[PDB]
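[1] Provided hereafter are the protein sequence and its experimental coordinates.
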Amino acid sequence: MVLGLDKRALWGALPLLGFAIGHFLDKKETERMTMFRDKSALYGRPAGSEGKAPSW
Amino acid sequence: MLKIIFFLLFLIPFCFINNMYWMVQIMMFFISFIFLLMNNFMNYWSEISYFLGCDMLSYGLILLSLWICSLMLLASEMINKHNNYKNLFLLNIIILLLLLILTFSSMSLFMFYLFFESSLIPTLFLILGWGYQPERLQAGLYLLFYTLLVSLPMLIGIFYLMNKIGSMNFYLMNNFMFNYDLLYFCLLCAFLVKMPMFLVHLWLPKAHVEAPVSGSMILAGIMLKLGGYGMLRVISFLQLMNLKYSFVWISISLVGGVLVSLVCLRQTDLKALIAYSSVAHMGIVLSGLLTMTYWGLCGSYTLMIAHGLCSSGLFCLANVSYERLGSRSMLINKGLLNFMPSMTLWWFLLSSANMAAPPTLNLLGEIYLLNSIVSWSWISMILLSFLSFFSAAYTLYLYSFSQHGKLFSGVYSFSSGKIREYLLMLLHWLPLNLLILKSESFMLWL
Amino acid sequence: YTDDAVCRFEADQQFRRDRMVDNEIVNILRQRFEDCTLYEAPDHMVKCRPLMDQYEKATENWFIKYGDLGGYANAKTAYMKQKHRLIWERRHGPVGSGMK
Amino acid sequence: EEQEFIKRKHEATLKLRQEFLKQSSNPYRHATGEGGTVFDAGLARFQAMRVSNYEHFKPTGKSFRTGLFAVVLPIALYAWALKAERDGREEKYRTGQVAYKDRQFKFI
Amino acid sequence: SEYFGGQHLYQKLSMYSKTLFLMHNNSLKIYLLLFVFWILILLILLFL
Amino acid sequence: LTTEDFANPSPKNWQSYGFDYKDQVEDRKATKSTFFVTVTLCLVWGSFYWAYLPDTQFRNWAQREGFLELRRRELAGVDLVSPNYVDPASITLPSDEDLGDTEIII
Amino acid sequence: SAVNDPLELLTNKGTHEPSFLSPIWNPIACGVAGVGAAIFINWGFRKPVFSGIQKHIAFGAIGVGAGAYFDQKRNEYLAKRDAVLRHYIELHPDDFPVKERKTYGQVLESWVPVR
Amino acid sequence: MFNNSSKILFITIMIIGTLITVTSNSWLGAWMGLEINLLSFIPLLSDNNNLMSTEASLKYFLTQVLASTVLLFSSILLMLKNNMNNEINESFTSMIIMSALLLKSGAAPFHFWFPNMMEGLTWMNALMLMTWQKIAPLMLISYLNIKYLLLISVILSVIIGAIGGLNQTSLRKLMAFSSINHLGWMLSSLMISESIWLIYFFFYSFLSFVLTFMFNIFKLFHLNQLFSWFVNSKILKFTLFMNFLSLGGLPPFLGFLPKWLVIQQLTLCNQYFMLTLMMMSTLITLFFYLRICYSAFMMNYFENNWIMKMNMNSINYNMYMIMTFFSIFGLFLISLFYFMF
């Protein structure tokens, strides 16, 4: 807002708004993701180490 | 990846708002910077959004697409000078950008093909809405119909694959393998036209010659690469059938390579030289790819990326002459070392990269591809030698005759080099030197 | 199982990582032989064969397991190749003899 | 000397020398500074013929023999040689004649 | 190459485009006669 | 124009940087903004971020084991590079009748 | 299981969690269409796209309803399709005997040597 | 509803007549409905204001009347020698019934009347013949089940349907040839299945409906008129003309959605060869559509001088370019359509 960024970053916010909306949506994808969350066959902790540690 | 997608959609409005050519430009570079930051992938599909993923193979291709798509706006400013519907230009570019991202991230074959062939339109706008030569009409006919005449038929192969497979995610096809001898040609040849192949090179010189700086940069910078990216994903299950019938394709590519290089020597148009040159390099890429060996494939990925970059920069050079001396001919353009000596530096460098002079991600390619082909068949060496030899040969001629001889008598006063073009040339080349430090991301994807 | 896509995907990733290591063990043995040949100007035959041959065996073993598959190669094609080789060894004898 | 063939060319052909000078020295279109070049028919002729000569191409014996021996026989012969050699080499390979010791390019 | 495809195709298409116009530049009697013939052929083949 | 005009040119004219040929400040702010976004933002910070990127492809980790695995097999006395995907005993070859000349491959 | 059971493979055992986007997508597609159409209307008529927002609100309202109305029809439609297919499997178990899952260790495929 | 009030009446009677056919239980009832269609449509087609309308009327009547004559006749034979409407099998009794229906709807070998028609017809009259006068004969073709005749029709339904379109300069004849090609797709689609055929016709109806409905609006009757038609910006000249590419159904134009549906189900039937041929010709269809779109893709052409302003109806224009906007962004409604499963 130094008159060298007048109306330019202001409109430029909306692309940044896109990133915020894009981020939140994909984070929710990480929600539908959860079927093997710690229940894999390679990283899968058998039982214990939970301790409020939802690895990813 | 939806982060990128939503960013581009929220950039679309700027096309309507007046005087946003430069604001759009900075944003496209800025998001490219953001997409740079997002990098942790392995061979497995990653960043699995609703239907969008990303991978070694797709990650670099997307970065180049975002990279080149931002560099358009640096390249083309005569649109602003003329006020030639800058709004439609900016909208066309962004639409193209979104399609490329969705093409390269479509984890389904059908989604991939859908965006792949959806890109037929916005490119056609870019040539036709801002072309110069009257040939622009027939050129658009060549481009569109060479593509659709084979790009449509793979639609059957895709659905046939569905019926026999049950889906079209890439990992799922890899589990199976098909040998019905038409599936192979229908998919292969359909990609080969856009590759393109020497026997179907025909359209490509025309499309480049009568297209603006922007369209030509797009055409040689992605479209050819996009065809190749599909190949890398699809040949996973075409192996047996490919092995039976592969000598034909490698032969015509290698044979066509020396020929098209000799066409370059005899050619007399800056865009024609580069256009034929780009076909030559994509000939070798098609060869190493169809070798299917590890060395071939991992090198093909690299050479596509490097070739796209060098081809773009050379097109900016061709634009520079076309925008000063107003004529594409070799004859008119000459002795520019006397008029833009600091520019002729960049002429040399971009030429250097195209003849595989290090440190150059292009060069890194040919080591990989040439190793693959030589292993595949010792007979190749007798033509590989000449192919590279004439590759460098015409590039030498292009650099020298354009920049060296005594000036042309009839030449009307034209402005000198300028920051936009200077920065444009650095931006295409300097990353082409950067990447060698960390080729592993651009070198390993299998 | 025949169609256990998640399991097959898990197997391939194990195969890839194992490939990357065994891929490597060839390199390290090469680097090891490299040092010896640099050891002393007269000292080449002093320990070339005693040290190189480890690298020689490593290459051939590495080829047999992973070699000849090309890119895209997953656990399935590698695993069944071993099956094919076992069948060949049992039927036609040592590879490197033609057939009977 | 043909009786003035050189002369007959001389008269007209020396006129446009001056017009070239007038064009080149033209202070006005050089002042416009838009770039560009004095028009030159030979250049314009040359570009047009260079881009278009198919409408002249008659598919006769000459062109056919020319093209046939230009790429076709090259393409066919080279491809046939490649396939033939590979067929032999692969035949040895699938026969198992050469074990996992002698063979080359173990690493592609 | 382009003669084998390219412009030559558009040349042959124009030839055939002209032809179809000559078909369609006629009197309606001719076309109905076609249809009558098609009927007549099917009718006798029912008998045969 | 005359001697002093050339000698000390006025601050009216302005040499376009190739981006905007209408306003001085619009051209200069465009070039200023364009240069920053392109060079520093990507070709310094981004290069820095890659150069210090963590193990993504697990190459370094692969050559973690490379030292260990080799060392593990060398005191273990088992083959350093085992040529079998799994144990040749674990595999169960089917009988020759099942083979029935199914084009066995070397 | 190790048993390729057609019915149980088809049965709605669940494990289908809708996204925050899964139901909302149609409403914010039809309404977005109708809003864009009104902008399209004014754009061709040489009228301000902003102007006459009553057209835009109405277009949004109708579209939103249709998407919700048609989302409903689909979900019924899909439910019925599953019902028939499960019915036909139960009708003709003889035609679709349950098949057994095997493992690659029990099969011999043919590979492709690049060599 | 073009000029008079009687337009509403004859349209209504036409609808009832054709609706009888599609709901007809026996061949005779279907024939009855068809003739009622023949009545109701002739007056609309035969405007008394001009000449060309009247000549189209004799040709339409003189053709359809024979079609109905043969249709009923062949019905009696089939429903004699089989003594039942649903014959056990398709024999020579039945091919004649298709040949009747194919002529009535203007299919491949029986089409010549159909281009000559277009000269006479005005736009919406043409439109109405394009869309609605092809439902009943096609829905009957559904009941008839002779593979090979439909196949020869489909083979020839694009060859002429595109080669002629290359040649025509009168928009009236181009629409004829454009539809004959599209009619090729319906016929194949109906040989495969009916639900997909229903969908494809509807999208064709929609698309042809919007297309000719603007040509009516601006009264553009010749390629020259298209190049000459004034638009203030020569940008909506281009935005509106995307639909000419929606004709070819290239993905981002919503014409792809039906063509994709037909292709998917057709190849599921495994008639791959047939797809190749129709789809080869599709390019020729799209070819002359680009030949049309030279008017708008590039901008700022050479124009006539006298025109200063361009005007059109509120109602027609307001309806028209809503349909266009859908032709632009139609695909993302992928979810909204649930009739494909």
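    Thanks, I have the structure now. Numbers count the residues shown, from 1 in each chain, chains lettered A, B, ... in the order given.
[2] thought residue H:137 was touching residue H:101?
    Yes: Residue H:137 lies in contact with residue H:101 (C-beta atoms under 8 Å); the separation is 4.3 Å. For every residue, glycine as well, the C-beta is placed using N, CA and C.
[3] give the closest residue to residue G:30 in space, chain neighbours not counted.
    Spatial nearest neighbour of residue G:30, chain neighbours left out: residue G:63 (3.4 Å); criterion: C-beta to C-beta, 6 or more residues apart in numbering or on different chains.
[4] give me the buried positions along the helix or strand harbouring the one you found.
    Using DSSP states H and E, residue G:63 sits within helix G:53-91. Within helix G:53-91, the residues that qualify as buried are G:55, G:56, G:59, G:60, G:63, G:64, G:66, G:67, G:70, G:71, G:74, G:89, counting by 16 or more other C-beta atoms under 10 Å in any protein chain shown.
[5] could you do stretch H:60-79 as well?
    In stretch H:60-79, counting by 16+ other C-beta under 10 Å, buried: H:60-61, H:63-64, H:66-68, H:70-72, H:74-75, H:77-79.
[6] using PDB, list the CA coordinates for the host helix or strand of residue H:190.
    Following DSSP H and E, one finds residue H:190 within helix H:171-192. What follows is helix H:171-192 as a C-alpha-only set of coordinates in PDB (Å, rounded to 0.1, in the frame of the first residue of the first chain):
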ATOM      1  CA  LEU H 171     -26.400 -22.500 -44.500                       C
ATOM      2  CA  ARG H 172     -29.700 -24.300 -45.300                       C
ATOM      3  CA  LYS H 173     -27.900 -27.200 -47.100                       C
ATOM      4  CA  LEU H 174     -25.100 -27.300 -44.500                       C
ATOM      5  CA  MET H 175     -27.500 -28.000 -41.700                       C
ATOM      6  CA  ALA H 176     -29.000 -30.800 -43.800                       C
ATOM      7  CA  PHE H 177     -25.600 -32.400 -44.300                       C
ATOM      8  CA  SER H 178     -24.600 -31.700 -40.700                       C
ATOM      9  CA  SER H 179     -27.600 -33.600 -39.400                       C
ATOM     10  CA  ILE H 180     -27.300 -36.500 -41.800                       C
ATOM     11  CA  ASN H 181     -23.900 -37.100 -40.300                       C
ATOM     12  CA  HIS H 182     -25.300 -36.800 -36.800                       C
ATOM     13  CA  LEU H 183     -28.100 -39.000 -37.800                       C
ATOM     14  CA  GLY H 184     -25.400 -41.500 -38.500                       C
ATOM     15  CA  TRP H 185     -24.600 -41.500 -34.800                       C
ATOM     16  CA  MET H 186     -28.200 -41.900 -33.600                       C
ATOM     17  CA  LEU H 187     -28.800 -44.800 -35.900                       C
ATOM     18  CA  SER H 188     -25.700 -46.700 -34.700                       C
ATOM     19  CA  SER H 189     -26.600 -45.700 -31.100                       C
ATOM     20  CA  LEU H 190     -30.100 -47.100 -31.500                       C
ATOM     21  CA  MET H 191     -28.600 -50.400 -33.000                       C
ATOM     22  CA  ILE H 192     -26.700 -50.600 -29.700                       C
END
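[7] could you look up the SS state of the residue in chain G that chain C sits nearest to?
    For chain G, the residue closest to chain C is residue G:114, as judged by C-beta to the nearest C-beta, at 3.6 Å. Classification of residue G:114 using DSSP: H, G, I helix; E, B strand; the rest coil returns coil.
[8] contacts only, for it.
    B:239, B:243, B:292, B:293, C:68, C:69, C:70 (C-beta atoms under 8 Å, 6 or more residues apart in numbering or on different chains).
[9] also residue B:37?
    Contacts of residue B:37 (C-beta under 8 Å, 6+ apart): F:46, F:49.
[10] and if we set it to 10 Å?
    Applying C-beta atoms under 10 Å, 6 or more residues apart in numbering or on different chains, we find residue B:37 in contact with F:45, F:46, F:49, F:50, F:53.
[11] not counting sequence-adjacent ones, nearest residue to the third one?
    Spelled out, it's residue F:49. Closest to residue F:49 by C-beta to C-beta, 6+ apart is residue B:37, at 6.2 Å.
[12] separation between the one you found and residue F:45?
    9 Å (C-beta to C-beta, to the nearest Å).
[13] over to residue B:124?
    Taken as C-beta to C-beta, the span from residue B:124 to residue F:45 is 37 Å.
[14] of those two, which one has the most company?
    residue B:124 (21 against 13; other C-beta atoms under 10 Å in any protein chain shown).
[15] hmm, the more buried one is touching residue B:215, no?
    Yes: using C-beta atoms under 10 Å, residue B:124 is in contact with residue B:215, at 9.0 Å.
[16] shared neighbours of the two, anything?
    B:92, B:143, B:207.
[17] most neighbours out of the residues you listed, which is it?
    residue B:207 (28 neighbours).
[18] next up, the contacts around that residue.
    Applying C-beta under 10 Å, 6+ apart, we find residue B:207 in contact with B:123-124, B:127, B:135-136, B:139-140, B:142-144, B:146, B:196, B:215-216, B:219-220, B:223, B:271, B:275.
[19] distance check, it against residue B:120.
    From residue B:207 to residue B:120 the distance is 12 Å (C-beta to C-beta).
[20] what of residue B:423?
    Where residue B:120 is concerned, residue B:423 sits at a distance of 32 Å (C-beta to C-beta).
[21] tell me where chain F has strands.
    Ranges of strands in chain F, per DSSP state E: none exist.
[22] give the next helix or strand downstream of the helix or strand residue E:11 falls within.
    Per DSSP H and E: residue E:11 is located in helix E:6-24. Counting by DSSP H and E, the element after helix E:6-24 in chain order, helix or strand, is helix E:28-47.
[23] helices and strands around that next one, which ones?
    helix E:6-24, helix H:52-81, helix H:92-105, helix H:113-120 (3 or more C-beta pairs under 10 Å, 6 or more residues apart in numbering or on different chains; DSSP states H and E).
[24] still on that earlier bit, so which of the buried residues of helix G:53-91 comes closest to residue B:368?
    Distance to residue B:368, by C-beta to C-beta, is smallest for residue G:74 among the buried residues of helix G:53-91, at 49.9 Å.
[25] look up how far residue H:264 lies from the closest residue to the closest one other than its chain neighbours.
    The shortest distance from residue G:74 to any non-neighbouring residue, by C-beta to C-beta, 6+ apart, is to residue H:338 (3.8 Å). Residue H:338 is 16 Å from residue H:264, where distance means C-beta to C-beta.
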